[PDB]
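Chemist: Below is one structure. I have some questions about it.
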2 protein chains.
Amino acid sequence: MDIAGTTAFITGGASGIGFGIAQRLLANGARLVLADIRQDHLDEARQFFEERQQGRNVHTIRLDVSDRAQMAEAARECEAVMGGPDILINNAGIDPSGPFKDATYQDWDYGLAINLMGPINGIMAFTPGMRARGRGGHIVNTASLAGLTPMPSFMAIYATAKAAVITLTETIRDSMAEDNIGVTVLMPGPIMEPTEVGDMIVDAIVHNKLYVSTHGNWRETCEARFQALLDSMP
Amino acid sequence: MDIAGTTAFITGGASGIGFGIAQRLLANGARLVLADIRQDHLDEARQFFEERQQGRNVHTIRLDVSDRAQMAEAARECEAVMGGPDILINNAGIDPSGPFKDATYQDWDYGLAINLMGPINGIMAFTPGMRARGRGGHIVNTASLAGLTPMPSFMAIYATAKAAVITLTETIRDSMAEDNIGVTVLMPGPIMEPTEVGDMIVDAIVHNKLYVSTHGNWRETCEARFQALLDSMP
């Protein structure tokens with residue numbers, strides 16, 4: 001899809017990959033709504049754009065992506081203030097990792113709430129409008145290569161959630177396509193510069209690419225896992 | 001591990017795959033605790049074994065695997081009544097499929113609660129004892145080939161949950177290994193006789209196999225997905 005003239009709503013938008021994506025979407029003609037849990041991060045992020053004389057095209061919303069009522073409110077605020085959005089970037093995450101025997105129900109609940117239910121809540125809250133407005137759109141979900149390559153037990157919660165996000169994104173593709181909404185799952189490793197990731201995401205939105213991986217260092221470990229899965233099949 | 005003289009706790013144990021696993025574990029010398037949400041199913045399953053003079057080796061518990069308090073109760077009752085368990089089969093599932101546009105938060109919460117949090121709750125409630133008793137054990141989680149091969153959007157919730165269970169099982173392996181507890185993820189297709197699946201699980205427990213797939217029909221479709229993932233990697 002064409003990025004020019006669109007509005008992008010970006011969770012975890014005040015730092016890291018989310019902020020790199022923000023920069024490159026704005027550079028390609030999008031207006032921005034940055035959502036994040038930290039007030040100070042959001043103000044710093046908009047100040048960056050302020051210094052580049054683009055403050056009027058960036059709005060910020062303090063948001064907990066696990067709060068479904070807040071997510072619905074944010075979708076209405078986005079539409080009112082900046083329009084749309086046409087582009088939804090579900091990028092917020094957290095890392096609940098630690099010795100697996102020390103893991104608690106609270107770790108599981110929080111880990112899944114942000115990393116898995118965040119994107120689900122975004123899809124639930126934003127797609128009714130994205131479908132109804134009828135001008136297409138795009139959804140990017142940030143997963144991780146930790147959702148694909150074999151991971152150790154101290155990363156069980158994170159890996160489990162991010163694997164789910166990969167399959168979620170794959171599986172909703174046909175449903176979203178009915179209303180000309182493309183989907184992409186972003187699978188980072190160690191974050192390469194955020195604006196480089198941003199440009200990969202620009203390409204994925206423009207050309208409707210399902211998969212974006214930032215690194216290839218786990219090609220062989222992934223291949224080995226994939227082969228073991230295949231070998232299990234009679 | 002040797003199955004003879006062990007106790008197996010099996011969720012969704014009163015029908016389908018769970019009951020086939022129950023049958024073959026008992027045939028290999030395990031005592032059984034069958035857990036299921038349906039009391040009438042449990043009664044029928046109990047009767048089946050009673051008529052084959054195996055009644056005193058089977059115990060039934062009505063259980064909602066998404067209820068953590070009930071799961072804690074079940075672990076206490078299992079240990080008291082039948083001992084152990086040495087073998088934990090997290091097999092309960094449900095399918096909230098339907099047009100993805102019409103999916104509700106309730107569909108997602110139910111789908112994830114049973115299919116993903118069920119096994120997590122089983123692990124959390126049962127593995128402390130399995131570790132403490134110090135005689136090792138085995139955990140089988142029932143996922144699905146739907147968690148691996150590309151699925152249509154109307155199956156998004158099920159596919160998402162089952163993909164997560166595959167990764168859950170992979171990642172916890174090294175933690176469970178510390179206490180000589182092996183793990184297996186079972187990935188079924190269309191259910192082939194349940195007892196045939198049961199024998200695959202006997203083999204997995206005896207030989208500590210990480211993966212069991214019941215069908216080879218999705219080899220090529222999985223290969224294509226895996227290749228697309230690999231191709232995304234720089």
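Here's how to read the names in the structure tokens: chain A, B, ... by the order shown, residue numbers from 1 in each chain, ligand numbers from 1 in the order shown.
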Which of range 27-217 of chain A counts as alpha helix (DSSP H) under DSSP, as a ChimeraX atom specification please?

Modeler: /A:27,39-51,68-81,105-115,117-133,156-177,194-207

Chemist: Residue 5 in chain B: which residues within 8 Å, counting only C-alpha atoms, same-chain residues fewer than 5 positions away excluded, as JSON, numbers by chain?

Modeler: {"B": [29, 30, 31]}

Chemist: Of the candidates B:224, B:82, B:159, B:206, which one gets nearest to chain A if we count only C-alpha atoms?

Modeler: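 Distance minimum relative to chain A lands on B:159.
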
Chemist: Show me, as a ChimeraX atom specification, the residues that have an atom within 12 Å of residue 133 in chain B when counting only C-alpha atoms, minus same-chain residues fewer than 5 positions from it.

Modeler: /B:79,83-86,126-128,179-181

Chemist: Using only C-alpha atoms, which residues sit within 10 Å of residue 175 in chain A once same-chain residues fewer than 5 positions away are excluded, as a ChimeraX atom specification?

Modeler: /A:180-182 /B:99-101,152-154,156

Chemist: Check every residue of chain B for an atom within 9 Å of chain A, counting only C-alpha atoms, and provide those that qualify as number ranges by chain.

Modeler: B: 99-101, 103-105, 108, 120-121, 124, 128, 147-148, 150-157, 159-176, 211-219, 222-223, 226-234

Chemist: Taking the DSSP assignment computed from this structure's backbone, write out as a VMD selection string all residues of range 8-159 of chain B that belong to strand (DSSP E or B).

Modeler: chain B and resid 8 to 11 31 to 36 58 to 62 87 to 90 137 to 142

Chemist: Any chance you could export the current selection's N, CA, C and O atoms as an mmCIF file, in the first residue's frame?

Modeler:
data_model
loop_
_atom_site.group_PDB
_atom_site.id
_atom_site.type_symbol
_atom_site.label_atom_id
_atom_site.label_comp_id
_atom_site.auth_asym_id
_atom_site.auth_seq_id
_atom_site.Cartn_x
_atom_site.Cartn_y
_atom_site.Cartn_z
ATOM 1 N N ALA B 8 -0.155 -41.903 35.632
ATOM 2 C CA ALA B 8 -0.331 -40.890 34.599
ATOM 3 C C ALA B 8 -1.582 -40.071 34.882
ATOM 4 O O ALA B 8 -2.648 -40.632 35.126
ATOM 5 N N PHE B 9 -1.429 -38.751 34.855
ATOM 6 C CA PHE B 9 -2.529 -37.795 34.998
ATOM 7 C C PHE B 9 -2.799 -37.223 33.612
ATOM 8 O O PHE B 9 -1.902 -36.632 33.005
ATOM 9 N N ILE B 10 -4.014 -37.433 33.106
ATOM 10 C CA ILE B 10 -4.338 -37.095 31.722
ATOM 11 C C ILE B 10 -5.542 -36.156 31.646
ATOM 12 O O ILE B 10 -6.658 -36.547 31.987
ATOM 13 N N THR B 11 -5.330 -34.926 31.195
ATOM 14 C CA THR B 11 -6.466 -34.025 30.995
ATOM 15 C C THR B 11 -7.113 -34.302 29.643
ATOM 16 O O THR B 11 -6.461 -34.779 28.722
ATOM 17 N N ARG B 31 -0.913 -46.646 36.221
ATOM 18 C CA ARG B 31 -2.201 -46.323 36.812
ATOM 19 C C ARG B 31 -2.639 -44.983 36.253
ATOM 20 O O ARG B 31 -1.798 -44.185 35.815
ATOM 21 N N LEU B 32 -3.947 -44.740 36.243
ATOM 22 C CA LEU B 32 -4.507 -43.575 35.571
ATOM 23 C C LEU B 32 -5.324 -42.676 36.474
ATOM 24 O O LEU B 32 -6.139 -43.156 37.266
ATOM 25 N N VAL B 33 -5.119 -41.373 36.308
ATOM 26 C CA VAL B 33 -6.049 -40.367 36.795
ATOM 27 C C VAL B 33 -6.505 -39.593 35.574
ATOM 28 O O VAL B 33 -5.714 -38.920 34.919
ATOM 29 N N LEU B 34 -7.778 -39.738 35.244
ATOM 30 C CA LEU B 34 -8.366 -39.080 34.087
ATOM 31 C C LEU B 34 -9.119 -37.853 34.528
ATOM 32 O O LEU B 34 -10.004 -37.937 35.377
ATOM 33 N N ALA B 35 -8.781 -36.726 33.914
ATOM 34 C CA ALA B 35 -9.431 -35.455 34.211
ATOM 35 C C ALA B 35 -10.129 -34.935 32.980
ATOM 36 O O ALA B 35 -9.593 -35.001 31.875
ATOM 37 N N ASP B 36 -11.330 -34.413 33.170
ATOM 38 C CA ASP B 36 -12.124 -33.946 32.047
ATOM 39 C C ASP B 36 -13.209 -33.035 32.592
ATOM 40 O O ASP B 36 -13.560 -33.109 33.766
ATOM 41 N N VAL B 58 -7.870 -46.950 37.892
ATOM 42 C CA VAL B 58 -8.336 -45.727 37.252
ATOM 43 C C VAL B 58 -9.118 -44.886 38.253
ATOM 44 O O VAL B 58 -9.949 -45.399 39.003
ATOM 45 N N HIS B 59 -8.826 -43.593 38.260
ATOM 46 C CA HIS B 59 -9.515 -42.619 39.100
ATOM 47 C C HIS B 59 -9.913 -41.466 38.203
ATOM 48 O O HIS B 59 -9.183 -41.151 37.272
ATOM 49 N N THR B 60 -11.062 -40.845 38.460
ATOM 50 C CA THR B 60 -11.505 -39.732 37.635
ATOM 51 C C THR B 60 -11.700 -38.479 38.465
ATOM 52 O O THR B 60 -12.157 -38.540 39.607
ATOM 53 N N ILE B 61 -11.358 -37.346 37.865
ATOM 54 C CA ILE B 61 -11.534 -36.035 38.478
ATOM 55 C C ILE B 61 -12.172 -35.090 37.473
ATOM 56 O O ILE B 61 -11.639 -34.901 36.392
ATOM 57 N N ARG B 62 -13.307 -34.488 37.818
ATOM 58 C CA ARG B 62 -13.877 -33.453 36.962
ATOM 59 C C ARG B 62 -13.095 -32.161 37.180
ATOM 60 O O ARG B 62 -12.916 -31.734 38.316
ATOM 61 N N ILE B 87 3.795 -39.183 35.074
ATOM 62 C CA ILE B 87 3.516 -38.811 33.694
ATOM 63 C C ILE B 87 2.360 -37.827 33.681
ATOM 64 O O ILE B 87 1.290 -38.105 34.223
ATOM 65 N N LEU B 88 2.593 -36.677 33.066
ATOM 66 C CA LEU B 88 1.603 -35.615 32.983
ATOM 67 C C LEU B 88 1.246 -35.404 31.533
ATOM 68 O O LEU B 88 2.107 -35.024 30.737
ATOM 69 N N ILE B 89 -0.008 -35.672 31.189
ATOM 70 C CA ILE B 89 -0.482 -35.501 29.815
ATOM 71 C C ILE B 89 -1.465 -34.329 29.789
ATOM 72 O O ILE B 89 -2.612 -34.455 30.231
ATOM 73 N N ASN B 90 -0.990 -33.189 29.304
ATOM 74 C CA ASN B 90 -1.820 -31.992 29.146
ATOM 75 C C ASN B 90 -2.462 -31.999 27.777
ATOM 76 O O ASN B 90 -1.885 -31.459 26.817
ATOM 77 N N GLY B 137 10.236 -38.310 35.429
ATOM 78 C CA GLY B 137 8.892 -38.289 34.906
ATOM 79 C C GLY B 137 8.883 -37.830 33.468
ATOM 80 O O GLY B 137 9.923 -37.757 32.822
ATOM 81 N N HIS B 138 7.689 -37.552 32.963
ATOM 82 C CA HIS B 138 7.544 -37.109 31.593
ATOM 83 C C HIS B 138 6.310 -36.249 31.460
ATOM 84 O O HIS B 138 5.305 -36.491 32.127
ATOM 85 N N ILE B 139 6.398 -35.243 30.597
ATOM 86 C CA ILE B 139 5.287 -34.367 30.295
ATOM 87 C C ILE B 139 4.991 -34.452 28.805
ATOM 88 O O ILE B 139 5.895 -34.280 27.992
ATOM 89 N N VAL B 140 3.732 -34.699 28.453
ATOM 90 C CA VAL B 140 3.280 -34.617 27.069
ATOM 91 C C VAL B 140 2.296 -33.466 26.943
ATOM 92 O O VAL B 140 1.303 -33.441 27.670
ATOM 93 N N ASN B 141 2.558 -32.519 26.041
ATOM 94 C CA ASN B 141 1.594 -31.468 25.739
ATOM 95 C C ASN B 141 0.992 -31.711 24.371
ATOM 96 O O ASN B 141 1.712 -31.921 23.399
ATOM 97 N N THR B 142 -0.331 -31.706 24.286
ATOM 98 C CA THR B 142 -0.991 -31.853 22.997
ATOM 99 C C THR B 142 -1.118 -30.497 22.311
ATOM 100 O O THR B 142 -1.817 -29.587 22.788
#

Chemist: Choose the residue, out of B:44, B:91, B:134, B:52, that has the smallest atom-to-atom separation from residue 201 in chain B; count only C-alpha atoms.

Modeler: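 Between B:44, B:91, B:134, B:52, the residue approaching residue 201 in chain B most closely is B:91.
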
Chemist: Taking only C-alpha atoms into account, name the residue in A:7, A:39, A:28, A:15 that is nearest to residue 130 in chain A.

Modeler: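 Comparing A:7, A:39, A:28, A:15 against residue 130 in chain A, the winner is A:7.
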
Chemist: If I take CA of residue 192 in chain A and CA of residue 51 in chain A, how far is one from the other in Å, to one decimal?

Modeler: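 A separation of 24.4 Å between them.
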